[PDB]
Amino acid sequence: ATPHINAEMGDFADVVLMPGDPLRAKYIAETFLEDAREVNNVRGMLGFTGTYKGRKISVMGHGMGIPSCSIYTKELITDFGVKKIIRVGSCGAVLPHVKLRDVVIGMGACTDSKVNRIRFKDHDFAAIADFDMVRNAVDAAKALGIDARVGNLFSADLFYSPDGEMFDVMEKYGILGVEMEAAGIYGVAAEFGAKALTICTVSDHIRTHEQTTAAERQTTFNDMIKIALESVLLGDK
């Protein structure tokens, strides 16, 4: 067991889907996994390991923000043999043509955090996802008839940012989604030798102001989870 995960080598699959909310991980294990088994509950960060069309799969929340997910993704990679991490969460849109419920694949991740500068001697480190994983997700998406944009995300440290102007700069440079973890997960993966990918569903719109609503949430969310699970299968082949 590690400082933040009470489990043992073997309890997790080599791939792990990770939403921010611990209750979402649970819902996922109950809606997409067979023989779901709870493997962790320290600090309430629920973790599950089951099967999907025969494939062993794990799902566990990672909390909010870079510092939080870095801890879990790190422990999973060094003490439980996890090879692939797949973040499945929500994000805020800045581009007018990017509407709600839209699915975005984070090929890269911009951030205003200092974690990567500390790792890269104060220079610019391009936090990127594993190419094959991105490719898998795009193909699984087409096979499901679900749209998907591939590009840059922005991992912010402050959900309530005092710098309003920064959103215009984001828009100008084509940021597809604003969240709070991608840049950190790519840093950890690169540092500890693993692969990662971040997939997000456009919740609210930073401009228009309007979060998720009705039953559209679940359906769109299920599409994201579906895309992630199928991408793992295309990767095993």
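Residue numbers run from 1 along the displayed sequence.
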Exercise. Of 119 to 127 and 83 to 91, which one has the bigger average CA B-factor?
Worked result: 83 to 91
Seminar exercise, completed: Ranked by mean Cα B-factor in the entry, 62 to 70 and 42 to 50, top stretch is 42 to 50
Exercise. Out of 180, 190, 169, 33, which residue has the highest Cα temperature factor in the PDB record?
Worked result: 33
For this session: Compare the C-alpha B factor of residue 96 with those of the other modelled residues in its chain, then answer lowest, middle or highest third.
Result: highest
Exercise. Residue 141's Cα B-factor: lowest, middle or highest third of the chain?
Worked result: highest
Exercise. Of the three thirds of its chain by CA temperature factor, lowest, middle or highest, which one includes residue 109?
Worked result: lowest
Problem set entry | Third assignment of residue 199 from its chain's C-alpha B-factors | middle
Exercise. Lowest, middle or highest third of the chain for the C-alpha temperature factor of residue 150?
Worked result: middle
